[PDB]
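What follows is the content of run_2.cif (mmCIF, C-alpha atoms).
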data_my_file
#
loop_
_atom_site.label_atom_id
_atom_site.label_comp_id
_atom_site.auth_asym_id
_atom_site.auth_seq_id
_atom_site.Cartn_x
_atom_site.Cartn_y
_atom_site.Cartn_z
CA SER A 2 43.33 -37.91 -1.22
CA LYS A 3 43.40 -35.32 1.53
CA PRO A 4 45.21 -32.08 1.32
CA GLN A 5 47.41 -30.97 4.19
CA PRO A 6 45.47 -30.91 7.41
CA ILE A 7 45.19 -27.78 9.40
CA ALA A 8 44.85 -27.43 13.20
CA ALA A 9 44.14 -23.90 14.14
CA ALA A 10 43.96 -22.27 17.53
CA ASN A 11 41.43 -19.42 17.88
CA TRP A 12 42.63 -17.46 20.93
CA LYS A 13 39.68 -15.46 22.11
CA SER A 20 49.74 -18.60 30.66
CA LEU A 21 49.39 -18.40 26.96
CA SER A 22 53.21 -18.50 27.16
CA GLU A 23 52.99 -21.56 29.16
CA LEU A 24 51.16 -22.94 26.05
CA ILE A 25 53.52 -21.75 23.44
CA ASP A 26 56.09 -23.44 25.61
CA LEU A 27 54.27 -26.68 25.30
CA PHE A 28 53.68 -26.37 21.61
CA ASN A 29 57.21 -25.39 21.15
CA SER A 30 58.49 -28.42 22.88
CA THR A 31 56.11 -30.76 21.14
CA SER A 32 57.00 -33.25 18.44
CA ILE A 33 54.84 -33.19 15.34
CA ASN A 34 55.81 -36.04 13.06
CA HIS A 35 53.33 -35.70 10.21
CA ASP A 36 52.53 -33.08 7.71
CA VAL A 37 50.03 -30.68 9.23
CA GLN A 38 50.05 -26.96 9.35
CA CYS A 39 49.39 -25.50 12.82
CA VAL A 40 48.00 -22.03 13.24
CA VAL A 41 47.60 -19.90 16.40
CA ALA A 42 45.29 -16.95 15.77
CA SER A 43 45.67 -14.36 18.38
CA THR A 44 44.36 -10.95 19.42
CA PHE A 45 46.28 -7.78 18.63
CA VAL A 46 47.46 -7.73 22.28
CA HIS A 47 49.15 -11.10 22.27
CA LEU A 48 50.22 -10.81 18.73
CA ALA A 49 53.68 -9.55 19.68
CA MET A 50 54.09 -12.00 22.48
CA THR A 51 53.19 -14.88 20.30
CA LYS A 52 55.31 -13.49 17.55
CA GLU A 53 58.51 -13.82 19.53
CA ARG A 54 57.86 -16.88 21.74
CA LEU A 55 56.30 -19.28 19.18
CA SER A 56 58.94 -21.15 17.30
CA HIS A 57 57.94 -24.60 16.20
CA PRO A 58 58.70 -24.77 12.51
CA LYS A 59 55.25 -26.42 11.98
CA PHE A 60 53.39 -23.42 13.44
CA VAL A 61 52.30 -20.04 12.07
CA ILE A 62 50.43 -17.09 13.63
CA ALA A 63 47.26 -15.52 12.26
CA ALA A 64 45.48 -12.33 13.10
CA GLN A 65 41.73 -11.76 13.46
CA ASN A 66 39.35 -9.22 11.92
CA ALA A 67 42.12 -6.99 10.82
CA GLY A 68 40.43 -5.45 7.72
CA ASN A 69 41.88 -2.28 6.15
CA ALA A 70 44.49 -1.53 3.62
CA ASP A 71 46.98 -0.22 6.08
CA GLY A 72 45.87 -2.83 8.60
CA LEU A 80 46.73 -5.59 6.16
CA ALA A 81 50.08 -3.97 5.32
CA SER A 82 51.38 -3.64 8.83
CA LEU A 83 50.37 -7.16 9.83
CA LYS A 84 52.37 -8.29 6.89
CA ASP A 85 55.14 -6.00 7.78
CA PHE A 86 54.94 -7.09 11.33
CA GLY A 87 55.32 -10.39 9.62
CA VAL A 88 51.79 -11.84 9.89
CA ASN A 89 50.63 -13.85 6.82
CA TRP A 90 47.54 -15.64 7.79
CA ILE A 91 44.22 -14.17 8.68
CA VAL A 92 40.94 -15.40 10.24
CA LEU A 93 37.99 -13.71 8.54
CA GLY A 94 34.21 -14.00 8.93
CA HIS A 95 34.15 -15.35 12.46
CA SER A 96 30.81 -15.46 14.20
CA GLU A 97 32.01 -12.87 16.64
CA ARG A 98 32.50 -10.60 13.64
CA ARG A 99 29.22 -11.24 12.06
CA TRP A 100 27.35 -11.03 15.27
CA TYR A 101 28.94 -8.35 17.39
CA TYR A 102 30.33 -6.33 14.60
CA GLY A 103 27.48 -6.87 12.23
CA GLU A 104 29.56 -7.87 9.23
CA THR A 105 27.54 -9.08 6.22
CA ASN A 106 28.46 -11.79 3.83
CA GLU A 107 29.25 -9.06 1.46
CA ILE A 108 31.40 -7.37 3.96
CA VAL A 109 33.15 -10.62 4.88
CA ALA A 110 33.87 -11.30 1.25
CA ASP A 111 35.26 -7.84 0.67
CA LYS A 112 37.76 -8.43 3.45
CA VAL A 113 38.62 -11.86 2.26
CA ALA A 114 39.37 -10.51 -1.15
CA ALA A 115 41.43 -7.78 0.29
CA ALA A 116 43.43 -10.19 2.38
CA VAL A 117 44.10 -12.46 -0.57
CA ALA A 118 45.21 -9.63 -2.91
CA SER A 119 47.66 -8.63 -0.23
CA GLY A 120 49.15 -12.15 0.05
CA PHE A 121 47.43 -13.38 3.13
CA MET A 122 46.55 -16.89 3.73
CA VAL A 123 42.97 -16.80 4.76
CA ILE A 124 40.55 -18.71 6.86
CA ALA A 125 37.13 -17.63 5.84
CA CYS A 126 34.51 -18.80 8.30
CA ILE A 127 30.99 -19.72 7.54
CA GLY A 128 28.16 -21.47 9.38
CA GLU A 129 24.44 -21.55 10.25
CA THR A 130 22.45 -20.80 13.47
CA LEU A 131 20.57 -23.11 15.67
CA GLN A 132 17.45 -21.60 14.12
CA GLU A 133 18.53 -21.78 10.62
CA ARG A 134 19.43 -25.34 11.30
CA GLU A 135 16.19 -26.34 12.91
CA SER A 136 14.37 -24.83 9.91
CA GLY A 137 16.51 -27.04 7.75
CA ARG A 138 18.19 -24.12 6.04
CA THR A 139 21.70 -25.17 6.40
CA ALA A 140 22.49 -25.55 2.65
CA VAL A 141 20.83 -22.33 1.71
CA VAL A 142 22.67 -20.43 4.34
CA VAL A 143 26.02 -22.07 3.89
CA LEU A 144 25.92 -21.90 -0.01
CA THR A 145 24.94 -18.46 0.25
CA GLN A 146 27.80 -17.38 2.56
CA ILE A 147 30.36 -18.94 0.30
CA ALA A 148 28.77 -17.79 -2.93
CA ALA A 149 29.32 -14.22 -1.49
CA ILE A 150 33.07 -14.80 -1.06
CA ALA A 151 33.54 -16.85 -4.22
CA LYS A 152 32.02 -14.08 -6.23
CA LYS A 153 34.86 -11.85 -5.29
CA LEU A 154 37.60 -14.48 -5.80
CA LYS A 155 39.55 -15.79 -8.75
CA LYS A 156 40.27 -19.45 -9.39
CA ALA A 157 43.76 -18.62 -8.54
CA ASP A 158 42.90 -16.86 -5.35
CA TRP A 159 41.49 -20.15 -4.14
CA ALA A 160 44.99 -21.19 -3.41
CA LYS A 161 45.09 -18.91 -0.43
CA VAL A 162 41.74 -19.58 1.09
CA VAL A 163 40.72 -21.98 3.67
CA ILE A 164 37.12 -22.46 4.67
CA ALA A 165 36.15 -23.08 8.22
CA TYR A 166 32.75 -24.59 8.64
CA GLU A 167 31.45 -24.02 12.09
CA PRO A 168 27.68 -24.27 12.99
CA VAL A 169 27.16 -21.07 15.23
CA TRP A 170 25.20 -23.20 17.72
CA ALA A 171 28.26 -25.42 18.18
CA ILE A 172 30.61 -22.59 18.96
CA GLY A 173 31.56 -22.78 22.62
CA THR A 174 28.26 -24.31 23.50
CA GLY A 175 29.66 -27.72 24.04
CA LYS A 176 27.54 -29.00 21.18
CA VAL A 177 29.66 -30.65 18.50
CA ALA A 178 28.27 -31.55 15.14
CA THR A 179 27.95 -35.24 14.64
CA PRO A 180 30.62 -36.47 12.21
CA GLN A 181 27.66 -36.92 9.89
CA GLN A 182 26.55 -33.36 10.15
CA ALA A 183 30.03 -32.02 9.50
CA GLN A 184 30.58 -34.43 6.71
CA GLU A 185 27.35 -33.68 5.09
CA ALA A 186 27.98 -29.95 5.22
CA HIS A 187 31.61 -30.26 4.20
CA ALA A 188 30.44 -32.31 1.31
CA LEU A 189 28.00 -29.79 0.02
CA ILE A 190 30.56 -27.07 0.38
CA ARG A 191 33.06 -29.11 -1.53
CA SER A 192 30.44 -30.06 -4.21
CA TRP A 193 29.49 -26.48 -4.84
CA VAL A 194 33.10 -25.53 -5.27
CA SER A 195 33.78 -28.51 -7.54
CA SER A 196 31.03 -27.51 -9.72
CA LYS A 197 31.23 -23.78 -9.71
CA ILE A 198 34.92 -23.20 -9.28
CA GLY A 199 36.63 -26.35 -10.40
CA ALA A 200 37.32 -29.87 -9.53
CA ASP A 201 40.87 -29.16 -9.23
CA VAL A 202 40.19 -26.09 -6.97
CA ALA A 203 37.85 -28.24 -4.87
CA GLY A 204 40.16 -31.22 -4.43
CA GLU A 205 43.00 -29.12 -3.16
CA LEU A 206 40.63 -27.27 -0.79
CA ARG A 207 40.77 -27.42 2.97
CA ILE A 208 37.50 -27.25 4.72
CA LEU A 209 37.90 -27.27 8.41
CA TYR A 210 35.30 -28.05 11.00
CA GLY A 211 35.03 -25.72 13.98
CA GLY A 212 32.63 -25.95 16.85
CA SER A 213 33.25 -27.62 20.18
CA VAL A 214 36.27 -29.68 18.99
CA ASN A 215 38.10 -31.33 21.80
CA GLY A 216 41.10 -33.72 21.94
CA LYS A 217 38.40 -36.36 22.58
CA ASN A 218 36.03 -36.00 19.64
CA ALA A 219 38.56 -34.93 17.18
CA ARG A 220 39.69 -38.24 15.59
CA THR A 221 36.21 -39.27 14.82
CA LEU A 222 35.73 -35.99 13.14
CA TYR A 223 38.92 -36.00 11.28
CA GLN A 224 38.09 -39.36 9.85
CA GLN A 225 35.40 -38.07 7.60
CA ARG A 226 36.02 -37.95 3.99
CA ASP A 227 35.66 -34.21 3.72
CA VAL A 228 37.11 -32.87 7.04
CA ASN A 229 40.50 -31.32 6.66
CA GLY A 230 41.29 -30.08 10.07
CA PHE A 231 39.95 -27.96 12.74
CA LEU A 232 39.44 -24.59 14.28
CA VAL A 233 39.57 -24.71 18.03
CA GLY A 234 38.67 -22.12 20.55
CA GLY A 235 38.47 -23.62 24.12
CA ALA A 236 40.59 -26.75 23.80
CA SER A 237 43.15 -24.75 22.13
CA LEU A 238 43.83 -23.09 25.55
CA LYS A 239 44.46 -26.49 26.96
CA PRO A 240 47.29 -28.94 26.56
CA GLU A 241 44.92 -31.20 24.73
CA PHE A 242 45.32 -29.01 21.68
CA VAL A 243 48.10 -31.42 20.92
CA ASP A 244 45.80 -34.34 20.98
CA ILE A 245 43.87 -32.29 18.71
CA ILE A 246 46.70 -31.71 16.26
CA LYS A 247 47.64 -35.35 16.61
CA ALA A 248 44.22 -36.46 15.26
CA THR A 249 44.77 -34.72 11.96
CA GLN A 250 46.94 -37.61 11.00
#

Using structure tokens, write down the structure that the file contains.
Amino acid sequence: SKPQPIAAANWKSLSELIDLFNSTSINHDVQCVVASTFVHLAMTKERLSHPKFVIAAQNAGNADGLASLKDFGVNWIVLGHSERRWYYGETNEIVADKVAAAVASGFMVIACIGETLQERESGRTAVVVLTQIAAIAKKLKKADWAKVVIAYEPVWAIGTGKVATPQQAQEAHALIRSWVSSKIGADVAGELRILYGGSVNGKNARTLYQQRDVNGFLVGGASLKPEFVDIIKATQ
């Protein structure tokens, strides 16, 4: 069956939100995550209190970086986000290096991966995707898998208002999951969370969650809205 769902907020007034969250009742087992920017990290660190919520940093690579975050008491990290890869020019190899560094340092990690409008049109989604992951996996250990979460988000669906169809997410999630099953393990694979990210809103969410291989979400825009709750609520 499904592993624990995950609803993660990617924070690209906030306190009015944490207030909401904080006063919200989450009945089921789901792990909530609010990734924030270094600036709001302290805010969020104090204000956020819902026992079902954690905070995660963003592309905080470095040895010392890692250490302080931890020390600061930050245990989750978002790595390989399109922003990173695009504006910062991080390569799969680079992404992987960071992921492996996070993991060795105890972080829980959300490694992001996903294909462009172009790569998609050309029908190169599996190549691309398998490739991204095979870069990370190569640096991991079967054991390390216990700390990694994969976020699948088609670049063209990020903030464009263009969600994948439940079939596209499913299909992709499925291949991700199959490659892991085969290459890593079946046991690694079946315990693995593969989130969908890319234009998720409290409206489309349920339909997305329902797919066999979707384990949650990674939400930018609607995670700045009160509907983030409707979002978390769908992971049930």

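One finds atom CA of residue A:165 at 11.6 Å from atom CA of residue A:146.
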
Residues of stretch 156-224 of chain A that approach stretch 120-136 of chain A to 8 Å or less, counting all atoms listed in the file: could you list each one with the shortest pair of atoms and its distance in Å to one decimal, rows by chain and increasing residue number, as CSV?
residue,atom,partner,partner_atom,distance
A:161,CA,A:122,CA,4.8
A:162,CA,A:123,CA,4.8
A:163,CA,A:124,CA,4.6
A:164,CA,A:125,CA,5.0
A:165,CA,A:126,CA,4.6
A:166,CA,A:127,CA,5.3
A:167,CA,A:128,CA,5.0
A:168,CA,A:128,CA,4.6
A:169,CA,A:130,CA,5.0
A:170,CA,A:131,CA,5.1

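The smallest atom-to-atom distance between residue A:242 and any of A:230, A:216, A:4, A:204, using only C-alpha atoms, is found for A:216.
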
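For the residues A:28, A:223, A:101, A:90, ranking by smallest atom-to-atom distance to residue A:59 using all atoms listed in the file places A:28 first.
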
Spell out the residues picked by the PyMOL selection byres ((chain A and resi 40-50) around 6) here, as a list in words. residues 9, 10, 11, 12, 39, 51, 52, 53, 60, 61, 62, 63 and 64 of chain A

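Pairwise distance (atom CA of residue A:225, atom CA of residue A:31) equals 25.8 Å.
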
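Taken over the shown file, the PyMOL selection byres ((chain A and resi 153) around 9) identifies residues 110, 111, 113, 114, 148, 149, 150, 151, 152, 154 and 155 of chain A.
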
Name the residues that the PyMOL selection byres ((chain A and resi 220) around 9) picks from the file above, as a VMD selection string, using the file's chain letters and numbers. chain A and resid 216 to 219 221 to 224 245 247 to 250

May I ask for the distance between atom CA of residue A:157 and atom CA of residue A:185, given in Å to one decimal place? 26.1 Å

Residue A:65: which residues within 6 Å, counting only C-alpha atoms, same-chain residues fewer than 2 positions away excluded, as an mmCIF file with C-alpha atoms, keeping the file's coordinate frame?
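Below you can see around.cif, which holds the result:
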data_model
loop_
_atom_site.group_PDB
_atom_site.id
_atom_site.type_symbol
_atom_site.label_atom_id
_atom_site.label_comp_id
_atom_site.auth_asym_id
_atom_site.auth_seq_id
_atom_site.Cartn_x
_atom_site.Cartn_y
_atom_site.Cartn_z
ATOM 1 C CA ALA A 67 42.120 -6.990 10.820
ATOM 2 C CA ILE A 91 44.220 -14.170 8.680
ATOM 3 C CA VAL A 92 40.940 -15.400 10.240
#

Please return, as a short mmCIF file (atom, residue, chain, number, x, y, z; two decimals) with C-alpha atoms, in the coordinates of the input, all polymer residues that have at least one atom within 9 Å of the point (36.5, -4.6, 10.0); use all atoms listed in the file and the file's own coordinate frame.
data_model
loop_
_atom_site.label_atom_id
_atom_site.label_comp_id
_atom_site.auth_asym_id
_atom_site.auth_seq_id
_atom_site.Cartn_x
_atom_site.Cartn_y
_atom_site.Cartn_z
CA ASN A 66 39.35 -9.22 11.92
CA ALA A 67 42.12 -6.99 10.82
CA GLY A 68 40.43 -5.45 7.72
CA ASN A 69 41.88 -2.28 6.15
CA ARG A 98 32.50 -10.60 13.64
CA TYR A 102 30.33 -6.33 14.60
CA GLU A 104 29.56 -7.87 9.23
CA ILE A 108 31.40 -7.37 3.96
CA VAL A 109 33.15 -10.62 4.88
CA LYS A 112 37.76 -8.43 3.45
#

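Candidate residues A:95, A:13, A:57, A:226 were compared for distance to residue A:184, and the nearest is A:226, using only C-alpha atoms.
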
Fill-in result for stretch 211-223 of chain A, N, CA, C and O atoms as an mmCIF file, keeping the file's coordinate frame:
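After the write, rebuild-v1.cif holds the following:
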data_model
loop_
_atom_site.group_PDB
_atom_site.id
_atom_site.type_symbol
_atom_site.label_atom_id
_atom_site.label_comp_id
_atom_site.auth_asym_id
_atom_site.auth_seq_id
_atom_site.Cartn_x
_atom_site.Cartn_y
_atom_site.Cartn_z
ATOM 1 N N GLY A 211 34.758 -26.438 12.753
ATOM 2 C CA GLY A 211 35.030 -25.720 13.980
ATOM 3 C C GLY A 211 33.759 -25.687 14.767
ATOM 4 O O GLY A 211 32.711 -25.478 14.161
ATOM 5 N N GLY A 212 33.820 -25.968 16.082
ATOM 6 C CA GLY A 212 32.630 -25.950 16.850
ATOM 7 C C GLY A 212 32.593 -27.019 17.872
ATOM 8 O O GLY A 212 32.017 -28.087 17.653
ATOM 9 N N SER A 213 33.150 -26.696 19.014
ATOM 10 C CA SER A 213 33.250 -27.620 20.180
ATOM 11 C C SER A 213 34.227 -28.839 20.052
ATOM 12 O O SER A 213 34.111 -29.861 20.791
ATOM 13 N N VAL A 214 35.258 -28.667 19.173
ATOM 14 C CA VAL A 214 36.270 -29.680 18.990
ATOM 15 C C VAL A 214 37.118 -29.855 20.227
ATOM 16 O O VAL A 214 37.644 -28.925 20.755
ATOM 17 N N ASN A 215 37.249 -31.073 20.681
ATOM 18 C CA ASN A 215 38.100 -31.330 21.800
ATOM 19 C C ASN A 215 39.032 -32.506 21.476
ATOM 20 O O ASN A 215 38.639 -33.380 20.693
ATOM 21 N N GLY A 216 40.186 -32.599 22.134
ATOM 22 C CA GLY A 216 41.100 -33.720 21.940
ATOM 23 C C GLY A 216 40.403 -35.096 22.026
ATOM 24 O O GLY A 216 40.986 -36.130 21.646
ATOM 25 N N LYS A 217 39.137 -35.118 22.465
ATOM 26 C CA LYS A 217 38.400 -36.360 22.580
ATOM 27 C C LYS A 217 37.589 -36.686 21.316
ATOM 28 O O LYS A 217 37.689 -37.802 20.767
ATOM 29 N N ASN A 218 36.841 -35.708 20.791
ATOM 30 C CA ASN A 218 36.030 -36.000 19.640
ATOM 31 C C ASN A 218 36.727 -35.889 18.319
ATOM 32 O O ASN A 218 36.176 -36.227 17.271
ATOM 33 N N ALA A 219 37.885 -35.301 18.363
ATOM 34 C CA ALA A 219 38.560 -34.930 17.180
ATOM 35 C C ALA A 219 38.759 -35.988 16.145
ATOM 36 O O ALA A 219 38.423 -35.717 14.978
ATOM 37 N N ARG A 220 39.352 -37.152 16.545
ATOM 38 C CA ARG A 220 39.690 -38.240 15.590
ATOM 39 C C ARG A 220 38.529 -38.679 14.739
ATOM 40 O O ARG A 220 38.648 -38.988 13.558
ATOM 41 N N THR A 221 37.426 -38.800 15.402
ATOM 42 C CA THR A 221 36.210 -39.270 14.820
ATOM 43 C C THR A 221 35.711 -38.268 13.800
ATOM 44 O O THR A 221 34.959 -38.596 12.880
ATOM 45 N N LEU A 222 36.149 -37.043 13.981
ATOM 46 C CA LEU A 222 35.730 -35.990 13.140
ATOM 47 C C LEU A 222 36.656 -35.924 11.987
ATOM 48 O O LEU A 222 36.237 -35.792 10.841
ATOM 49 N N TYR A 223 37.935 -36.049 12.306
ATOM 50 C CA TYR A 223 38.920 -36.000 11.280
ATOM 51 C C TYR A 223 38.706 -37.102 10.281
ATOM 52 O O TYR A 223 38.920 -36.947 9.102
#
